[PDB]
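model09.cif follows; it contains mmCIF, C-alpha atoms.
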```cif
data_target
#
loop_
_atom_site.label_atom_id
_atom_site.label_comp_id
_atom_site.auth_asym_id
_atom_site.auth_seq_id
_atom_site.Cartn_x
_atom_site.Cartn_y
_atom_site.Cartn_z
CA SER A 50 0.00 0.00 0.00
CA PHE A 51 1.15 3.55 -0.51
CA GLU A 52 0.09 7.04 0.45
CA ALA A 53 0.40 8.63 -3.04
CA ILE A 54 0.92 12.34 -2.65
CA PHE A 55 -0.22 13.83 -5.97
CA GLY A 56 0.87 17.08 -7.63
CA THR A 57 2.24 19.44 -5.00
CA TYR A 58 0.47 22.56 -6.19
CA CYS A 59 1.00 26.20 -5.33
CA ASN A 60 -0.76 29.49 -5.51
CA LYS A 61 1.03 32.41 -7.08
CA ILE A 62 -0.12 35.71 -5.67
CA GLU A 63 -2.39 38.26 -7.32
CA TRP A 64 0.01 40.97 -8.49
CA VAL A 65 -1.84 44.12 -7.63
CA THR A 66 -0.56 47.67 -7.79
CA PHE A 67 -2.25 50.91 -6.85
CA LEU A 68 -1.69 52.31 -10.31
CA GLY A 69 -3.26 49.15 -11.69
CA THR A 70 -6.40 49.65 -9.65
CA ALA A 71 -8.77 52.58 -10.13
CA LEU A 72 -7.58 54.36 -7.01
CA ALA A 73 -4.75 56.10 -8.84
CA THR A 74 -7.24 57.66 -11.22
CA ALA A 75 -8.17 59.66 -8.12
CA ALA A 76 -4.60 59.70 -6.76
CA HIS A 77 -2.06 61.91 -8.46
CA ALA A 78 0.77 59.61 -7.46
CA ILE A 79 4.22 61.14 -7.10
CA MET A 80 7.51 59.60 -6.09
CA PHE A 81 9.53 61.98 -3.92
CA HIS A 82 12.74 61.05 -2.16
CA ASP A 83 13.31 63.68 0.54
CA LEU A 84 9.93 62.88 2.08
CA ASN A 85 11.64 61.60 5.19
CA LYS A 86 13.40 64.98 5.16
CA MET A 87 10.25 67.09 4.83
CA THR A 88 7.92 68.20 7.60
CA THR A 89 4.54 69.45 6.29
CA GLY A 90 3.83 70.30 2.66
CA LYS A 91 1.92 73.54 2.30
CA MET A 92 -0.18 74.65 -0.66
CA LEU A 93 -1.13 78.26 -1.30
CA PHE A 94 -4.47 78.75 -3.00
CA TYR A 95 -4.92 82.27 -4.31
CA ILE A 96 -8.66 82.89 -4.67
CA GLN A 97 -10.51 85.88 -6.07
CA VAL A 98 -14.17 86.40 -5.30
CA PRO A 99 -16.54 88.24 -7.66
CA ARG A 100 -17.71 91.70 -6.86
CA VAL A 101 -21.34 92.11 -8.03
CA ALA A 102 -22.94 95.02 -6.20
CA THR A 103 -25.63 97.61 -6.78
CA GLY A 104 -28.34 99.57 -5.12
CA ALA A 105 -28.99 102.40 -2.74
CA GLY A 106 -29.01 100.93 0.74
CA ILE A 107 -27.53 97.57 -0.25
CA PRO A 108 -24.17 97.01 1.49
CA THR A 109 -21.53 96.97 -1.24
CA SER A 110 -18.49 94.98 -0.15
CA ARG A 111 -14.83 95.63 -0.85
CA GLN A 112 -12.76 93.57 -3.22
CA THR A 113 -12.06 90.49 -1.11
CA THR A 114 -8.96 88.33 -1.57
CA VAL A 115 -8.61 84.88 0.00
CA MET A 116 -5.43 82.81 0.18
CA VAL A 117 -5.70 79.49 1.99
CA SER A 118 -2.65 77.44 3.02
CA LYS A 119 -3.83 73.85 2.90
CA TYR A 120 -1.50 71.33 4.47
CA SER A 121 -0.29 67.85 3.65
CA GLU A 122 -0.78 64.81 5.88
CA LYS A 123 1.87 62.24 6.69
CA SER A 124 0.61 58.72 7.15
CA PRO A 125 3.47 56.22 6.83
CA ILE A 126 3.07 52.49 6.45
CA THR A 127 5.30 49.69 7.68
CA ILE A 128 4.89 45.99 7.05
CA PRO A 129 7.22 43.49 8.70
CA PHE A 130 8.76 40.50 7.09
CA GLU A 131 11.44 38.29 8.51
CA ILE A 132 14.17 36.01 7.22
CA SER A 133 15.21 33.18 9.51
CA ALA A 134 18.70 33.02 10.97
CA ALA A 135 18.66 29.44 9.72
CA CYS A 136 18.05 30.97 6.28
CA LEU A 137 20.93 33.38 6.75
CA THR A 138 23.13 30.51 7.91
CA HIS A 139 22.29 28.33 4.92
CA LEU A 140 22.92 31.32 2.67
CA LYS A 141 26.16 32.63 4.17
CA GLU A 142 27.70 29.25 5.00
CA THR A 143 27.28 27.51 1.63
CA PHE A 144 29.14 24.54 3.03
CA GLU A 145 30.64 21.36 1.58
CA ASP A 146 27.96 20.82 -1.00
CA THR A 147 26.59 17.37 -1.80
CA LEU A 148 23.45 18.79 -3.44
CA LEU A 149 21.36 18.80 -0.28
CA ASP A 150 23.22 22.01 0.45
CA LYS A 151 22.49 23.26 -3.05
CA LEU A 152 18.77 22.47 -2.91
CA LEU A 153 18.65 24.16 0.49
CA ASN A 154 20.65 27.15 -0.75
CA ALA A 155 18.41 27.70 -3.76
CA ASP A 156 15.51 27.31 -1.34
CA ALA A 157 17.04 30.06 0.80
CA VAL A 158 17.49 32.31 -2.24
CA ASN A 159 13.87 31.71 -3.27
CA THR A 160 12.85 32.23 0.36
CA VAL A 161 14.41 35.69 0.57
CA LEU A 162 13.12 36.60 -2.90
CA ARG A 163 9.63 35.30 -2.10
CA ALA A 164 9.58 37.20 1.19
CA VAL A 165 10.76 40.53 -0.29
CA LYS A 166 8.43 39.90 -3.24
CA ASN A 167 5.35 39.39 -1.07
CA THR A 168 6.59 42.30 1.06
CA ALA A 169 6.47 44.64 -1.94
CA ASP A 170 2.98 43.29 -2.68
CA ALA A 171 2.11 44.24 0.91
CA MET A 172 3.62 47.67 0.29
CA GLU A 173 1.39 48.24 -2.75
CA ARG A 174 -1.64 47.04 -0.81
CA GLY A 175 -0.84 49.20 2.19
CA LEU A 176 -0.55 52.23 -0.05
CA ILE A 177 -3.99 51.26 -1.42
CA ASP A 178 -5.26 51.06 2.16
CA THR A 179 -3.99 54.37 3.43
CA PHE A 180 -5.00 56.21 0.27
CA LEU A 181 -8.49 54.78 0.70
CA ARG A 182 -8.60 55.66 4.39
CA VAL A 183 -7.45 59.21 3.67
CA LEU A 184 -10.22 59.55 1.06
CA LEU A 185 -12.70 58.23 3.62
CA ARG A 186 -11.45 60.57 6.35
CA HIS A 187 -11.63 63.54 3.97
CA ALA A 188 -14.81 62.55 2.15
CA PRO A 189 -18.04 63.63 3.88
CA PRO A 190 -21.23 61.59 3.66
CA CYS A 191 -23.15 62.69 0.67
CA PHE A 192 -26.25 63.85 2.54
CA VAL A 193 -23.93 66.36 4.22
CA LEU A 194 -22.36 67.26 0.90
CA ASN B 4 5.12 15.87 6.04
CA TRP B 5 4.66 19.54 5.20
CA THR B 6 8.40 19.96 4.59
CA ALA B 7 7.97 17.82 1.47
CA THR B 8 5.54 20.47 0.24
CA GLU B 9 7.30 23.66 1.24
CA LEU B 10 10.83 22.59 0.24
CA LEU B 11 10.22 20.72 -3.02
CA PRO B 12 8.83 22.60 -6.06
CA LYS B 13 5.13 23.10 -6.74
CA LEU B 14 2.61 23.94 -9.47
CA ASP B 15 1.44 27.53 -10.05
CA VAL B 16 -2.35 27.21 -10.24
CA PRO B 17 -5.38 29.49 -9.87
CA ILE B 18 -7.00 28.89 -6.48
CA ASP B 19 -10.44 29.70 -5.08
CA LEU B 20 -11.84 30.44 -1.63
CA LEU B 21 -15.23 30.57 0.00
CA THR B 22 -14.35 32.93 2.82
CA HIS B 23 -10.72 33.44 3.67
CA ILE B 24 -7.42 31.59 3.80
CA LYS B 25 -6.80 31.78 7.57
CA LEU B 26 -10.47 31.17 8.26
CA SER B 27 -10.23 28.11 5.98
CA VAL B 28 -8.26 26.41 8.78
CA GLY B 29 -10.05 27.86 11.80
CA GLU B 30 -13.57 27.31 10.54
CA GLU B 31 -11.92 24.26 8.94
CA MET B 32 -12.57 24.11 5.24
CA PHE B 33 -9.89 21.48 5.64
CA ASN B 34 -8.61 19.40 8.57
CA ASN B 35 -4.94 18.33 8.88
CA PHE B 36 -3.59 21.64 7.62
CA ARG B 37 -0.47 23.55 8.60
CA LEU B 38 -0.42 27.26 9.43
CA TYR B 39 2.69 29.30 10.18
CA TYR B 40 3.46 33.02 10.41
CA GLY B 41 7.22 33.32 10.84
CA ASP B 42 9.14 31.59 8.05
CA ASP B 43 9.77 28.14 9.42
CA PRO B 44 13.31 26.99 10.31
CA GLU B 45 12.05 23.39 10.48
CA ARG B 46 12.12 23.00 6.69
CA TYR B 47 15.82 23.92 6.85
CA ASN B 48 16.41 20.94 9.17
CA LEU B 49 16.78 17.99 6.79
CA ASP C 340 0.68 82.09 -14.76
CA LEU C 341 3.20 79.28 -14.69
CA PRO C 342 2.82 77.14 -17.84
CA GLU C 343 4.34 74.21 -15.93
CA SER C 344 3.28 74.03 -12.33
CA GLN C 345 5.21 71.34 -10.55
CA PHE C 346 2.35 68.96 -9.87
CA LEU C 347 1.05 69.59 -13.38
CA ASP C 348 4.18 68.84 -15.40
CA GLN C 349 4.58 65.26 -14.15
CA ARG C 350 5.57 63.19 -17.16
CA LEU C 351 4.53 59.57 -17.06
CA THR C 352 4.86 56.36 -19.07
CA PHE C 353 1.25 55.63 -19.91
CA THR C 354 -0.27 52.17 -20.26
CA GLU C 355 -3.89 51.01 -20.04
CA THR C 356 -6.00 48.89 -17.75
CA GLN C 357 -9.49 47.54 -18.29
CA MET C 358 -11.51 49.74 -15.96
CA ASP C 359 -15.27 49.45 -15.50
CA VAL C 360 -16.32 52.89 -16.68
CA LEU C 361 -19.80 54.35 -16.66
CA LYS C 362 -21.14 57.66 -17.93
CA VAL C 363 -23.45 59.55 -15.59
CA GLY C 364 -24.29 63.25 -15.98
CA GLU C 365 -21.83 63.30 -18.91
CA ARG C 366 -19.05 62.51 -16.43
CA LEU C 367 -17.15 59.31 -17.19
CA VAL C 368 -17.01 57.55 -13.82
CA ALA C 369 -14.96 54.43 -13.26
CA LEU C 370 -16.04 51.67 -10.90
CA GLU C 371 -13.69 49.59 -8.78
CA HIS C 372 -13.60 46.39 -6.81
CA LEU C 373 -10.91 46.69 -4.19
CA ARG C 374 -11.79 43.07 -3.42
CA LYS C 375 -8.71 42.09 -5.45
CA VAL C 376 -6.36 43.58 -2.86
CA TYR C 377 -8.47 42.71 0.17
CA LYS C 378 -9.22 39.06 -0.57
CA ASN C 379 -7.53 36.61 1.80
CA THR C 380 -5.92 39.48 3.70
CA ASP C 381 -5.90 40.62 7.31
CA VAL C 382 -7.08 44.15 6.61
CA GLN C 383 -10.84 44.62 6.48
CA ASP C 384 -12.01 46.34 3.33
CA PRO C 385 -12.47 49.98 4.44
CA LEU C 386 -15.40 50.47 2.10
CA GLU C 387 -17.11 47.93 4.32
CA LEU D 351 -24.67 97.11 -34.58
CA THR D 352 -22.30 94.18 -35.07
CA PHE D 353 -23.16 90.81 -33.57
CA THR D 354 -21.74 87.47 -32.49
CA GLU D 355 -23.03 83.98 -31.75
CA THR D 356 -23.51 82.25 -28.40
CA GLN D 357 -24.61 78.78 -27.30
CA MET D 358 -28.03 79.39 -25.76
CA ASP D 359 -30.18 76.55 -24.45
CA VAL D 360 -33.35 77.37 -26.37
CA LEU D 361 -36.66 75.57 -26.09
CA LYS D 362 -39.77 75.37 -28.23
CA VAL D 363 -43.20 75.95 -26.73
CA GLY D 364 -46.31 76.70 -28.81
CA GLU D 365 -44.22 77.46 -31.93
CA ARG D 366 -42.38 80.11 -29.89
CA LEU D 367 -38.68 79.67 -29.28
CA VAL D 368 -37.67 80.65 -25.75
CA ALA D 369 -34.18 80.91 -24.30
CA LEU D 370 -33.44 79.19 -20.99
CA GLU D 371 -30.81 80.37 -18.54
CA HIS D 372 -28.75 79.47 -15.49
CA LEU D 373 -27.91 82.51 -13.38
CA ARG D 374 -26.02 80.63 -10.66
CA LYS D 375 -23.05 80.84 -13.04
CA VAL D 376 -22.92 84.58 -12.32
CA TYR D 377 -23.94 84.28 -8.67
CA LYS D 378 -21.34 81.71 -7.57
CA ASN D 379 -19.21 82.97 -4.65
CA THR D 380 -20.98 86.33 -4.81
CA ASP D 381 -22.05 88.49 -1.89
CA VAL D 382 -25.31 89.39 -3.64
CA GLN D 383 -27.60 86.39 -3.68
CA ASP D 384 -29.56 85.50 -6.79
CA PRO D 385 -32.84 87.49 -6.93
CA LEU D 386 -34.61 84.58 -8.62
CA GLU D 387 -34.28 82.99 -5.22
#
```

Target encoding structure tokens, full file:
Amino acid sequence: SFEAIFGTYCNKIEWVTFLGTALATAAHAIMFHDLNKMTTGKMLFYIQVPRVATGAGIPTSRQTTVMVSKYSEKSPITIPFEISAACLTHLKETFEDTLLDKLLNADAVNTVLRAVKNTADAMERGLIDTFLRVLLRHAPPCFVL
Amino acid sequence: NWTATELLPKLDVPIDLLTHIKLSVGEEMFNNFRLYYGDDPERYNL
Amino acid sequence: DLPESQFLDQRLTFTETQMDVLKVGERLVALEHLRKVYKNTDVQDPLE
Amino acid sequence: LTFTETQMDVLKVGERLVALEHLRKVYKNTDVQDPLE
């Protein structure tokens, strides 16, 4: 008699990106590199108002000028991954190799690549999440709007 | 032997779920599973 | 007026993706499952 | 008197053509409210 393990299958993950979704059609997405070096990004909006006035008793206003300095909002994300010290040992040792070292070493390479790979997937997803949560926290309910 | 899965190669396939992958083992879509969060050093012990 | 404001003049390598668009009020509105990034994940879908 | 052309939303009632007009487009962000209100 025998146990007969069949085809050892695997998933391969759904390769999402926030540009690839429809969130970046609402997100003007900009890489910037001194963002750890910046504090709070200001924006000046210069705004004229119109000046329609008439009448004899009606209070005619002055020309009114409005600048508003609307601020940015930091909201960093951080996902953890981890690579085992056994994985680092079977990478950095690379000992007297009778092919069970080489299988294990290629496994360690694929382990680190798989972990960083899924980590970047998590990075994309987390950017999806915090962009969505910022839209929710700065989007009123539409009965209010 | 889950090491024989996670160490040997596999087959990239499209999968499907009713609810959720970690709920698939807690609400038990399948029994005799294996779940692990930190990358296992046991598969490195041959 | 600046012909190239700094957020405006952001050059980009365009591609396409098959987005579920709909016209309402003569405003082309896309429509998006974020199910693809929240399936089999720990994070609850924030639209829920 | 010289002329020009403009895109007016005109309507037909009783074989009489009648123009139709938004005035919010001149009373947006204005101190004077719209007298049609």

**OP:** Specify as a PyMOL selection string each residue included when the PyMOL selection byres ((chain D) within 10 of (chain A)) is applied to this file.
**Re:** chain D and resi 376-383

Subject >> Residues of chain A within 9 Å of chain C, counting all atoms listed in the file, as an NGL selection string >> reply: :A and (63-66 or 69-72 or 74 or 77 or 79 or 174 or 177-178 or 181-182 or 185)

**OP:** At a cut-off of 6 Å, list the chain A residues touching chain B, using only C-alpha atoms, as a PyMOL selection string.
**Re:** chain A and resi 57-61+135

Could you write those residues out with C-alpha atoms, as a JSON list (two decimals), in the frame of the given file?
```
[["chain", "number", "residue", "atom", "x", "y", "z"],
["A", 57, "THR", "CA", 2.24, 19.44, -5.00],
["A", 58, "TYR", "CA", 0.47, 22.56, -6.19],
["A", 59, "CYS", "CA", 1.00, 26.20, -5.33],
["A", 60, "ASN", "CA", -0.76, 29.49, -5.51],
["A", 61, "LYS", "CA", 1.03, 32.41, -7.08],
["A", 135, "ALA", "CA", 18.66, 29.44, 9.72]]
```

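Pairwise distance (atom CA of residue 386 of chain D, atom CA of residue 115 of chain A) equals 27.4 Å.
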
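Between atom CA of residue 75 of chain A and atom CA of residue 125 of chain A there is a distance of 19.3 Å.
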